[PDB]
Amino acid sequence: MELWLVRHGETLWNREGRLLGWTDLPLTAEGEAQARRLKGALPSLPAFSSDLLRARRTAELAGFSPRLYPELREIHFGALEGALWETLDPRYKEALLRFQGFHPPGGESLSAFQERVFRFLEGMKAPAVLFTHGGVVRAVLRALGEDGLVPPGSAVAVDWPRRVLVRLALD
């Protein structure tokens, strides 16, 4: 199933290097610029989006009117929300780097996150554009056997659940 996953434009915590999960930060000026550049670069298909502000705003500036689904939200970092990556405890850095065994206090485990994301994608019965987050795109790319890091305001098209089709980044 052809699905276009879009990582929302940047927020302040991207440059600051802080874990950004359910903290509802707005897009920066550049983030909005990134979202606008996506207009005309994404296919005209039904759209879905995380209900978090940065994702919804990216969808809007990109020229879409998505149906909102919390299931597309970034992972809930719990007590680690806003934590500087730099000073994150080694056990957490390792869990996030290897994308396994991540259990943040008051948040979502990576296992629960993946279940949520993949259950949502399983429900996609037709091609569509999904406005979401870096962690979601990463989970998908990793499950398809590829490195999952992509720039803010960039997109990746996949043939779920088989392979990646294309990665699109604009300057």
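Sequential numbering from 1, following the sequence displayed.
Taking the PDB entry as given, 58 to 66 carries the higher mean Cα B factor of the two stretches 58 to 66 and 117 to 125. Taking the mean C-alpha B-factor of each stretch as recorded, 72 to 80 and 97 to 105 are not equal, and the higher mean is that of 97 to 105.
The PDB entry assigns its highest CA temperature factor, among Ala143, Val137, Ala112, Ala29, to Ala29.
In the deposited coordinates, the residue among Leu19, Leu25, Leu149, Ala157 with the greatest CA B-factor is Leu149. Among the modelled residues of its chain, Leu165 has a C-alpha B-factor that falls in the lowest third, as given in the PDB entry. In the deposited entry, the Cα temperature factor of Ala41 places it in the highest third of its chain's modelled residues. Among the modelled residues of the chain, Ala33 sits in the highest third by CA temperature factor in this PDB entry.
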